[PDB]
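As structure tokens, the structure follows; a few thoughts come after it.
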6 protein chains.
Amino acid sequence: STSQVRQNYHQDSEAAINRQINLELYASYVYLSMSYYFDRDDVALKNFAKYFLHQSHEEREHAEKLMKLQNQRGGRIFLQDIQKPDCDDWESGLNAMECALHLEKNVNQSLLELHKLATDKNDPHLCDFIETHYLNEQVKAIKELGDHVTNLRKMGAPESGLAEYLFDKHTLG
Amino acid sequence: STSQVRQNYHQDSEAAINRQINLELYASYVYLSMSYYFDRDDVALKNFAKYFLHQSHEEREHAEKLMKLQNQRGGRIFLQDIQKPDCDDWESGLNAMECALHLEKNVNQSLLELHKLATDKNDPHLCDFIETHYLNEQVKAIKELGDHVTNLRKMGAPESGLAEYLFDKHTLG
Amino acid sequence: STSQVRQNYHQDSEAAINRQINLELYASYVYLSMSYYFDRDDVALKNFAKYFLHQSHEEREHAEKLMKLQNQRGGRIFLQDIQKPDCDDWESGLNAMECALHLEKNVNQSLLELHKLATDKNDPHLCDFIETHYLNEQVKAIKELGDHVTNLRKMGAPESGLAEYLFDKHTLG
Amino acid sequence: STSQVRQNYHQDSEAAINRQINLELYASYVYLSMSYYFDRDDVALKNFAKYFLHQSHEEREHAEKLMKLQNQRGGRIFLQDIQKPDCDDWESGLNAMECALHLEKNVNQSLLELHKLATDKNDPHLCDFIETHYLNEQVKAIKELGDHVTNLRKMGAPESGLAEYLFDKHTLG
Amino acid sequence: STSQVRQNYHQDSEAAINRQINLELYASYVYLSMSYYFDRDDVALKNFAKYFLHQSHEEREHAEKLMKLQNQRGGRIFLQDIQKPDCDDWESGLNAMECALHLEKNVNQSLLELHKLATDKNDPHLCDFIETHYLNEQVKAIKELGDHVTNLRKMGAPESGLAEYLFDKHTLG
Amino acid sequence: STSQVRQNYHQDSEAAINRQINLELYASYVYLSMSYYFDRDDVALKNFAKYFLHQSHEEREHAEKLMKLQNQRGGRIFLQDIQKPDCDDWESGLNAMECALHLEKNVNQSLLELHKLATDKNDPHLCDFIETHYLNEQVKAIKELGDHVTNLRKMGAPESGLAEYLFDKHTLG
Ligand SMILES: [Mg+2]
Ligand SMILES: [Mg+2]
Ligand code: NA
Ligand code: NA
Ligand code: NA
Ligand code: NA
Ligand code: NA
Ligand code: NA
């Protein structure tokens, strides 16, 4: 039953990787929803839409890299349903950025727990995989989203549609 | 409540588009599963894996184009859960190709029903959208998959692992 | 007696590095033997030979990088005899690939023990050296060898000399 | 009070980063002093001066990267006075190189303690930041300085002004 | 005791140069603090940050040129502690620009006193050094900062976060 | 049992080739030891290290060419243990060069005996292989090492660390 390549790869780590794959696919779907919200004719913030579509594709890439990891270690991928995002209508550029920040922090928390598990199972390859490919990416993403939220708020979002317009132009464009 | 851009776009068409979006996202996820099945160390068919990953990304592109359509017409996207694929283990190159063929034919059937609905609602824009972007693509995909299945079977798949090996090299590589 | 550069470098880590150097040199020599086995006129698999010669040189590079590490930390290299490989005749492409897989897993196990020792001695530089330069390399090498073994077996190696011939051409060539 | 981006970043780590920033700025200032010592008309070792000025600028870069880290994690930078270096007159090329070696080892010790703290607080992002950007840099710097000191001593520094002259020309030039 | 190169270089001028070196290093450190204030996630004015970092590096260059002068004339550099800046939190883009203006005017006043001293000691080389490299630079810097402050105030800084946002984009970007 | 390609290739020649392969691998390992001796922080002669590493790789190439010969003639390679070098610490640039000279002369003596054996067995292919690829190489290597030893001695090695320093720079650099 054991893969010929498997070495020092605990069942708990394999299961946690499968959960992280699902979470990354979920994040990609959340960002897809946000993108096309901003593509609505009654929202019409093209650069918000582009920003979130880029994030969606990046999240898909993260999921695929985890799947590649799983196969590299000799674990077996078990996919689950990708739940629909919590919202259909993201209300505003600022609200979407705040939800993105919350999402990225949740993903980061899951990654930190994954690292803790790897450490407990003395899986240095897994630990360094997470460190190299995920944790700094997450820190950067959180910092960027926080900067965006700060700017929107200082500009007067979401009540100032001019605020969101100019942010779309000058920051995201 | 009605979008300022909406014109000659029936509620039934909007709902059918939302269903097609979900179906395309589902197909993308199926192909993703197949790709990483072939990436397993105990399967190890790199070009099968590449082929199905390409298909996965293409299906995502199809879904996004439908979302763009929905917004263009002034309908509203409502996302649903993306169900996990029917299999974790796709058994063989031939079996995966046959399942892909079945999937593509199901997608085609859904597209044909969408066209029929558009026609019944006298929505020529929608009809020609489907015709231009989807129906021929589907016909081509089905023909290609049928050709692949035919070749694998004639070569002796799935019992001839040499068969699948050489198909991976010479057709998909 | 203590090197002017030495800092946070335990005697046990220094000794373990010397053992790893010997192991890497041993692996290089094993791969050299395999390469020239496939260079025999009665075996005559040029691409197997090339593959294993490449691996031999890579293993030498790994050993030299460990020697460089040893000097960087202010430890002292102590070389030992390089034992001859366990076989003169590697029997088949498949058998050689399986022995290579076993060898790479043994090297990986030694690296994991080295990492555990470094961690126990709170030597983060050493830990990250191992993580960055060795562990992922090992995981990749094991995955690649497992893929090769899987393909050869599915093709019908080692009884199908046609199998090995075509693998030599299409995978290793 | 808590930054919107802050996650898994302990107050003790934040304080330790602020201390490391100060230490890096101090090291930059030490190297600046050494550089301009060698720029004196009665010392006149241009390549020593260039070497230490380069080191000064590199140390400033290290400090700024730590400040960037601090902001990325949502900690707050608190700057302190930069103490003047211990010497105005560095006596000789050899003496300056030895003091540089001592300084680099002190910086390394502080980094190791920072890593230990990060580990104790289960801050893998911080650990890997230190590992990736600082620890190997330090090991290299210490090895290089030790090599320089060894060469100067073997050449006959500091009594052989010819020794320092030729080292300036051939190693540092 | 007297340097072989020293000619027409009064002890008072040497001491005043040492004081100016310290002041330039202090200004560099002030600008560094301001830069990383604007790098905070809750401030998030990237172009303010870049502007002040550039100023910090320029101030370092000014200090190093004074050190070079000191050695050229045969004076001896005596470094002092670099005091921490007066603020940790610079409150706003406008407030930081006003503090920068005040700082630059203080530096200018010190330079003017240095010139007066040089003149009194009949040190035309020193006078022209100051004139050529420092005084016009200061005048320009003060004029630029005054222009910035004027614009921010007219735009509605610091209460209009939109004001600072657009200034960051259009003037400093 | 006899290889299909074997012609005019005596068992004694085959055995002597296997011994020469081992000797070449041994020489490679000796040079590797010397290289990393000079890489020590307390020796720190980078160009000595580079010179000996180059020699190590060249010796490995010689061994591989002999293995290729063995297979070309239809003999069978039998590898033996590679003994560790006689020294861990090579004491000085001059001492290492003298040991290298002794080693190269021993290798040359073995080659001359190999040629004599080939001649006695009327194996002109083997004789000319040795002549073309090995004997002149050896003569050159011995002459070069003798020149190096002569220069070091005249310069005052090994007591003059300046001597070795300048030789490292000007001859080996
Ligand atoms: Mg074929
Ligand atoms: Mg790491
Ligand atoms: Na992600
Ligand atoms: Na499709
Ligand atoms: Na290795
Ligand atoms: Na540093
Ligand atoms: Na200045
Ligand atoms: Na040789």
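Every chain in the structure tokens takes a letter, A first, then B, and so on in the order presented; its residues are numbered from 1, and the ligands are numbered from 1 following the presented order.
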
Quick check: residues of chain C within 8 Å of chain D, only C-alpha atoms, returned as a VMD selection string. chain C and resid 4 to 5 7 72 to 73 122 124 to 125 128

With N, CA, C and O atoms kept, could you save the residues just selected as a CSV table (one decimal), in the first residue's frame?
```csv
chain,number,residue,atom,x,y,z
C,4,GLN,N,39.4,30.0,14.5
C,4,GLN,CA,38.9,31.4,14.7
C,4,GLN,C,37.5,31.7,14.2
C,4,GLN,O,36.9,32.6,14.7
C,5,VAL,N,37.0,30.9,13.2
C,5,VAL,CA,35.7,31.2,12.7
C,5,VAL,C,34.6,30.4,13.4
C,5,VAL,O,33.4,30.7,13.2
C,7,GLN,N,31.8,28.9,15.5
C,7,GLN,CA,30.7,29.4,16.3
C,7,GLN,C,29.5,28.6,16.3
C,7,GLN,O,28.9,28.4,15.2
C,72,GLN,N,33.7,26.2,6.1
C,72,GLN,CA,33.1,27.5,6.5
C,72,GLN,C,32.8,27.6,8.0
C,72,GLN,O,32.9,28.6,8.6
C,73,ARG,N,32.4,26.4,8.6
C,73,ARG,CA,32.0,26.5,10.0
C,73,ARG,C,33.3,26.3,10.9
C,73,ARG,O,33.1,26.4,12.1
C,122,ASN,N,20.7,23.0,18.3
C,122,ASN,CA,20.3,24.4,18.0
C,122,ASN,C,21.3,25.0,17.1
C,122,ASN,O,21.9,26.1,17.3
C,124,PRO,N,20.8,26.4,13.7
C,124,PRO,CA,19.9,26.8,12.6
C,124,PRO,C,20.6,27.0,11.3
C,124,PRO,O,20.0,26.7,10.2
C,125,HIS,N,21.9,27.4,11.3
C,125,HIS,CA,22.6,27.5,10.0
C,125,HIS,C,22.7,26.2,9.3
C,125,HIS,O,22.4,26.0,8.1
C,128,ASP,N,19.3,24.9,8.0
C,128,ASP,CA,18.9,25.5,6.8
C,128,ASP,C,19.8,25.1,5.6
C,128,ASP,O,19.3,25.1,4.5
```

As a PyMOL selection string, please: every protein or nucleic acid residue near ligand 4 (cut-off 6 Å, counting only C-alpha atoms and all ligand atoms). chain B and resi 24+59+62

Residues just named, written with N, CA, C and O atoms as a compact mmCIF listing (two decimals), in the first residue's frame:
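Final file, again-v9.txt:
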```
# COMPACT_ATOMS: atom_id res chain seq x y z
N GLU B 24 -18.78 24.11 -16.01
CA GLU B 24 -17.42 24.33 -16.51
C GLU B 24 -16.40 24.28 -15.37
O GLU B 24 -15.31 23.72 -15.53
N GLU B 59 -10.84 24.72 -19.26
CA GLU B 59 -12.20 24.71 -18.73
C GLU B 59 -12.44 25.90 -17.82
O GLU B 59 -13.54 26.49 -17.81
N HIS B 62 -13.16 28.76 -19.98
CA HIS B 62 -14.54 28.73 -20.46
C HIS B 62 -15.50 29.27 -19.41
O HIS B 62 -16.42 30.04 -19.72
```

Could I have chain D as a PDB file with C-alpha atoms, in the first residue's frame after it is superimposed on chain C by least squares, pairing all C-alpha atoms in sequence order?
```pdb
ATOM      1  CA  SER D   1      42.949  24.331  18.761  1.00  0.00           C
ATOM      2  CA  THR D   2      39.581  25.931  18.005  1.00  0.00           C
ATOM      3  CA  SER D   3      39.242  27.573  14.595  1.00  0.00           C
ATOM      4  CA  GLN D   4      38.926  31.366  14.722  1.00  0.00           C
ATOM      5  CA  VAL D   5      35.709  31.157  12.678  1.00  0.00           C
ATOM      6  CA  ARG D   6      33.992  28.396  14.655  1.00  0.00           C
ATOM      7  CA  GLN D   7      30.746  29.446  16.332  1.00  0.00           C
ATOM      8  CA  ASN D   8      27.794  27.312  17.471  1.00  0.00           C
ATOM      9  CA  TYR D   9      29.219  24.274  15.646  1.00  0.00           C
ATOM     10  CA  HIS D  10      29.088  21.161  17.786  1.00  0.00           C
ATOM     11  CA  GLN D  11      31.675  18.395  17.558  1.00  0.00           C
ATOM     12  CA  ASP D  12      28.848  15.936  16.869  1.00  0.00           C
ATOM     13  CA  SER D  13      27.703  17.997  13.890  1.00  0.00           C
ATOM     14  CA  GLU D  14      31.262  18.152  12.569  1.00  0.00           C
ATOM     15  CA  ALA D  15      31.575  14.359  12.832  1.00  0.00           C
ATOM     16  CA  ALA D  16      28.179  13.827  11.184  1.00  0.00           C
ATOM     17  CA  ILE D  17      29.219  16.080   8.299  1.00  0.00           C
ATOM     18  CA  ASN D  18      32.372  14.009   7.808  1.00  0.00           C
ATOM     19  CA  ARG D  19      30.214  10.864   7.677  1.00  0.00           C
ATOM     20  CA  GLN D  20      27.876  12.502   5.147  1.00  0.00           C
ATOM     21  CA  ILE D  21      30.849  13.490   2.972  1.00  0.00           C
ATOM     22  CA  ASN D  22      31.926   9.865   2.884  1.00  0.00           C
ATOM     23  CA  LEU D  23      28.392   8.746   2.063  1.00  0.00           C
ATOM     24  CA  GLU D  24      28.124  11.208  -0.830  1.00  0.00           C
ATOM     25  CA  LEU D  25      31.478  10.060  -2.221  1.00  0.00           C
ATOM     26  CA  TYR D  26      30.258   6.479  -1.917  1.00  0.00           C
ATOM     27  CA  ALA D  27      27.063   7.307  -3.825  1.00  0.00           C
ATOM     28  CA  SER D  28      29.130   8.964  -6.551  1.00  0.00           C
ATOM     29  CA  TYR D  29      31.208   5.803  -6.868  1.00  0.00           C
ATOM     30  CA  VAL D  30      28.095   3.581  -6.985  1.00  0.00           C
ATOM     31  CA  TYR D  31      26.675   5.651  -9.839  1.00  0.00           C
ATOM     32  CA  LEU D  32      30.026   5.500 -11.653  1.00  0.00           C
ATOM     33  CA  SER D  33      29.930   1.701 -11.475  1.00  0.00           C
ATOM     34  CA  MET D  34      26.368   1.639 -12.805  1.00  0.00           C
ATOM     35  CA  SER D  35      27.203   3.992 -15.686  1.00  0.00           C
ATOM     36  CA  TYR D  36      30.053   1.902 -16.940  1.00  0.00           C
ATOM     37  CA  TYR D  37      27.998  -1.257 -16.514  1.00  0.00           C
ATOM     38  CA  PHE D  38      25.598   0.146 -19.081  1.00  0.00           C
ATOM     39  CA  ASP D  39      28.604   1.051 -21.246  1.00  0.00           C
ATOM     40  CA  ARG D  40      29.449  -2.680 -21.619  1.00  0.00           C
ATOM     41  CA  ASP D  41      29.129  -4.073 -25.130  1.00  0.00           C
ATOM     42  CA  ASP D  42      26.778  -6.782 -23.810  1.00  0.00           C
ATOM     43  CA  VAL D  43      24.469  -4.224 -22.151  1.00  0.00           C
ATOM     44  CA  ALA D  44      24.815  -1.264 -24.511  1.00  0.00           C
ATOM     45  CA  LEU D  45      22.298   1.209 -23.049  1.00  0.00           C
ATOM     46  CA  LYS D  46      24.025   4.511 -23.767  1.00  0.00           C
ATOM     47  CA  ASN D  47      21.393   6.717 -22.145  1.00  0.00           C
ATOM     48  CA  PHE D  48      21.307   4.670 -18.943  1.00  0.00           C
ATOM     49  CA  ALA D  49      25.083   5.085 -18.888  1.00  0.00           C
ATOM     50  CA  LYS D  50      24.808   8.848 -19.396  1.00  0.00           C
ATOM     51  CA  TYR D  51      22.100   9.168 -16.758  1.00  0.00           C
ATOM     52  CA  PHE D  52      24.136   7.391 -14.103  1.00  0.00           C
ATOM     53  CA  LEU D  53      27.359   9.236 -14.997  1.00  0.00           C
ATOM     54  CA  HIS D  54      25.484  12.513 -14.540  1.00  0.00           C
ATOM     55  CA  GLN D  55      24.278  11.269 -11.158  1.00  0.00           C
ATOM     56  CA  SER D  56      27.847  10.307 -10.204  1.00  0.00           C
ATOM     57  CA  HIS D  57      29.146  13.790 -10.944  1.00  0.00           C
ATOM     58  CA  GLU D  58      26.221  15.370  -9.097  1.00  0.00           C
ATOM     59  CA  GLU D  59      26.993  13.256  -6.016  1.00  0.00           C
ATOM     60  CA  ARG D  60      30.607  14.417  -6.108  1.00  0.00           C
ATOM     61  CA  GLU D  61      29.313  17.989  -6.235  1.00  0.00           C
ATOM     62  CA  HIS D  62      27.224  17.297  -3.133  1.00  0.00           C
ATOM     63  CA  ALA D  63      30.268  15.930  -1.307  1.00  0.00           C
ATOM     64  CA  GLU D  64      32.373  18.955  -2.222  1.00  0.00           C
ATOM     65  CA  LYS D  65      29.645  21.310  -1.016  1.00  0.00           C
ATOM     66  CA  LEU D  66      29.667  19.502   2.330  1.00  0.00           C
ATOM     67  CA  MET D  67      33.452  19.858   2.500  1.00  0.00           C
ATOM     68  CA  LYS D  68      33.042  23.567   1.805  1.00  0.00           C
ATOM     69  CA  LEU D  69      30.454  23.736   4.613  1.00  0.00           C
ATOM     70  CA  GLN D  70      32.846  21.991   7.002  1.00  0.00           C
ATOM     71  CA  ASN D  71      35.560  24.552   6.308  1.00  0.00           C
ATOM     72  CA  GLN D  72      33.080  27.455   6.463  1.00  0.00           C
ATOM     73  CA  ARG D  73      32.043  26.460   9.986  1.00  0.00           C
ATOM     74  CA  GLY D  74      35.615  25.841  11.118  1.00  0.00           C
ATOM     75  CA  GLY D  75      35.319  22.097  11.393  1.00  0.00           C
ATOM     76  CA  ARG D  76      38.047  19.889   9.988  1.00  0.00           C
ATOM     77  CA  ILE D  77      37.500  17.411   7.171  1.00  0.00           C
ATOM     78  CA  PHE D  78      38.555  13.849   7.932  1.00  0.00           C
ATOM     79  CA  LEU D  79      38.281  11.614   4.898  1.00  0.00           C
ATOM     80  CA  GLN D  80      37.774   7.854   5.050  1.00  0.00           C
ATOM     81  CA  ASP D  81      38.093   5.055   2.517  1.00  0.00           C
ATOM     82  CA  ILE D  82      35.438   5.054  -0.205  1.00  0.00           C
ATOM     83  CA  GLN D  83      34.055   1.522  -0.191  1.00  0.00           C
ATOM     84  CA  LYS D  84      33.523  -0.213  -3.510  1.00  0.00           C
ATOM     85  CA  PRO D  85      29.886  -0.614  -4.607  1.00  0.00           C
ATOM     86  CA  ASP D  86      27.971  -3.720  -3.610  1.00  0.00           C
ATOM     87  CA  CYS D  87      27.736  -4.938  -7.198  1.00  0.00           C
ATOM     88  CA  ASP D  88      30.004  -5.239 -10.192  1.00  0.00           C
ATOM     89  CA  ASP D  89      27.139  -6.337 -12.432  1.00  0.00           C
ATOM     90  CA  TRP D  90      23.875  -4.418 -12.072  1.00  0.00           C
ATOM     91  CA  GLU D  91      21.851  -6.975 -14.105  1.00  0.00           C
ATOM     92  CA  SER D  92      19.390  -4.664 -15.856  1.00  0.00           C
ATOM     93  CA  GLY D  93      18.200  -1.119 -16.327  1.00  0.00           C
ATOM     94  CA  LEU D  94      15.332  -1.780 -13.928  1.00  0.00           C
ATOM     95  CA  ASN D  95      17.554  -3.373 -11.290  1.00  0.00           C
ATOM     96  CA  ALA D  96      19.988  -0.466 -11.478  1.00  0.00           C
ATOM     97  CA  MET D  97      17.146   2.042 -11.122  1.00  0.00           C
ATOM     98  CA  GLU D  98      15.801   0.156  -8.091  1.00  0.00           C
ATOM     99  CA  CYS D  99      19.249   0.094  -6.481  1.00  0.00           C
ATOM    100  CA  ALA D 100      19.601   3.811  -7.200  1.00  0.00           C
ATOM    101  CA  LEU D 101      16.239   4.412  -5.520  1.00  0.00           C
ATOM    102  CA  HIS D 102      17.366   2.433  -2.467  1.00  0.00           C
ATOM    103  CA  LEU D 103      20.653   4.350  -2.379  1.00  0.00           C
ATOM    104  CA  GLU D 104      18.935   7.732  -2.615  1.00  0.00           C
ATOM    105  CA  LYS D 105      16.553   6.779   0.194  1.00  0.00           C
ATOM    106  CA  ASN D 106      19.508   5.747   2.375  1.00  0.00           C
ATOM    107  CA  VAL D 107      21.224   9.060   1.660  1.00  0.00           C
ATOM    108  CA  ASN D 108      17.969  10.844   2.506  1.00  0.00           C
ATOM    109  CA  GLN D 109      17.699   8.968   5.801  1.00  0.00           C
ATOM    110  CA  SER D 110      21.232  10.035   6.686  1.00  0.00           C
ATOM    111  CA  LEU D 111      20.371  13.646   5.811  1.00  0.00           C
ATOM    112  CA  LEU D 112      17.244  13.514   7.982  1.00  0.00           C
ATOM    113  CA  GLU D 113      19.317  12.240  10.901  1.00  0.00           C
ATOM    114  CA  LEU D 114      21.818  15.044  10.265  1.00  0.00           C
ATOM    115  CA  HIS D 115      18.985  17.595  10.384  1.00  0.00           C
ATOM    116  CA  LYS D 116      17.673  16.063  13.617  1.00  0.00           C
ATOM    117  CA  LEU D 117      21.139  16.341  15.157  1.00  0.00           C
ATOM    118  CA  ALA D 118      21.511  19.959  14.008  1.00  0.00           C
ATOM    119  CA  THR D 119      18.103  20.790  15.502  1.00  0.00           C
ATOM    120  CA  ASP D 120      19.034  19.109  18.781  1.00  0.00           C
ATOM    121  CA  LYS D 121      22.227  21.161  18.921  1.00  0.00           C
ATOM    122  CA  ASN D 122      20.302  24.370  18.017  1.00  0.00           C
ATOM    123  CA  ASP D 123      22.351  24.880  14.848  1.00  0.00           C
ATOM    124  CA  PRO D 124      19.926  26.761  12.573  1.00  0.00           C
ATOM    125  CA  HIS D 125      22.601  27.535   9.988  1.00  0.00           C
ATOM    126  CA  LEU D 126      23.310  23.814   9.564  1.00  0.00           C
ATOM    127  CA  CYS D 127      19.586  22.977   9.530  1.00  0.00           C
ATOM    128  CA  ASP D 128      18.882  25.490   6.776  1.00  0.00           C
ATOM    129  CA  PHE D 129      21.969  24.395   4.816  1.00  0.00           C
ATOM    130  CA  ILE D 130      20.586  20.841   4.767  1.00  0.00           C
ATOM    131  CA  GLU D 131      17.054  22.016   3.975  1.00  0.00           C
ATOM    132  CA  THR D 132      18.107  24.360   1.160  1.00  0.00           C
ATOM    133  CA  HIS D 133      20.739  22.275  -0.615  1.00  0.00           C
ATOM    134  CA  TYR D 134      19.939  18.610   0.169  1.00  0.00           C
ATOM    135  CA  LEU D 135      16.454  17.607   1.347  1.00  0.00           C
ATOM    136  CA  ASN D 136      14.416  18.847  -1.638  1.00  0.00           C
ATOM    137  CA  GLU D 137      17.088  17.546  -4.023  1.00  0.00           C
ATOM    138  CA  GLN D 138      16.693  14.139  -2.392  1.00  0.00           C
ATOM    139  CA  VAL D 139      12.887  14.223  -2.545  1.00  0.00           C
ATOM    140  CA  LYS D 140      13.078  15.085  -6.251  1.00  0.00           C
ATOM    141  CA  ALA D 141      15.662  12.378  -6.943  1.00  0.00           C
ATOM    142  CA  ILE D 142      13.565   9.750  -5.158  1.00  0.00           C
ATOM    143  CA  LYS D 143      10.416  10.809  -7.022  1.00  0.00           C
ATOM    144  CA  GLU D 144      12.223  10.682 -10.374  1.00  0.00           C
ATOM    145  CA  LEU D 145      13.703   7.243  -9.693  1.00  0.00           C
ATOM    146  CA  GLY D 146      10.330   5.947  -8.550  1.00  0.00           C
ATOM    147  CA  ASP D 147       8.757   7.246 -11.762  1.00  0.00           C
ATOM    148  CA  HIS D 148      11.468   5.501 -13.795  1.00  0.00           C
ATOM    149  CA  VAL D 149      11.010   2.213 -11.947  1.00  0.00           C
ATOM    150  CA  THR D 150       7.240   2.440 -12.421  1.00  0.00           C
ATOM    151  CA  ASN D 151       7.592   3.024 -16.160  1.00  0.00           C
ATOM    152  CA  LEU D 152      10.136   0.226 -16.663  1.00  0.00           C
ATOM    153  CA  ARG D 153       7.932  -2.210 -14.740  1.00  0.00           C
ATOM    154  CA  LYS D 154       4.795  -1.241 -16.674  1.00  0.00           C
ATOM    155  CA  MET D 155       6.727  -1.530 -19.953  1.00  0.00           C
ATOM    156  CA  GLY D 156       7.822  -5.049 -19.010  1.00  0.00           C
ATOM    157  CA  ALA D 157      11.390  -4.639 -17.786  1.00  0.00           C
ATOM    158  CA  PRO D 158      13.629  -6.451 -17.208  1.00  0.00           C
ATOM    159  CA  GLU D 159      12.451  -9.375 -19.273  1.00  0.00           C
ATOM    160  CA  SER D 160      11.510  -7.129 -22.208  1.00  0.00           C
ATOM    161  CA  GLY D 161      14.814  -5.924 -23.589  1.00  0.00           C
ATOM    162  CA  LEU D 162      12.682  -3.933 -26.008  1.00  0.00           C
ATOM    163  CA  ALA D 163      11.210  -2.272 -22.902  1.00  0.00           C
ATOM    164  CA  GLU D 164      14.604  -1.145 -21.655  1.00  0.00           C
ATOM    165  CA  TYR D 165      15.673  -0.159 -25.189  1.00  0.00           C
ATOM    166  CA  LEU D 166      12.661   2.114 -25.675  1.00  0.00           C
ATOM    167  CA  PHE D 167      12.916   3.560 -22.159  1.00  0.00           C
ATOM    168  CA  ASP D 168      16.582   4.376 -22.837  1.00  0.00           C
ATOM    169  CA  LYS D 169      15.547   6.104 -26.065  1.00  0.00           C
ATOM    170  CA  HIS D 170      12.396   7.975 -25.040  1.00  0.00           C
ATOM    171  CA  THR D 171      12.787   8.776 -21.321  1.00  0.00           C
ATOM    172  CA  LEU D 172      16.529   8.943 -20.732  1.00  0.00           C
ATOM    173  CA  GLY D 173      17.433  10.129 -24.232  1.00  0.00           C
TER     174      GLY D 173
END
```

Filtered DSSP result for region 32-97 of chain B, state alpha helix (DSSP H), as a ChimeraX atom specification: /B:32-38,46-73,93-97
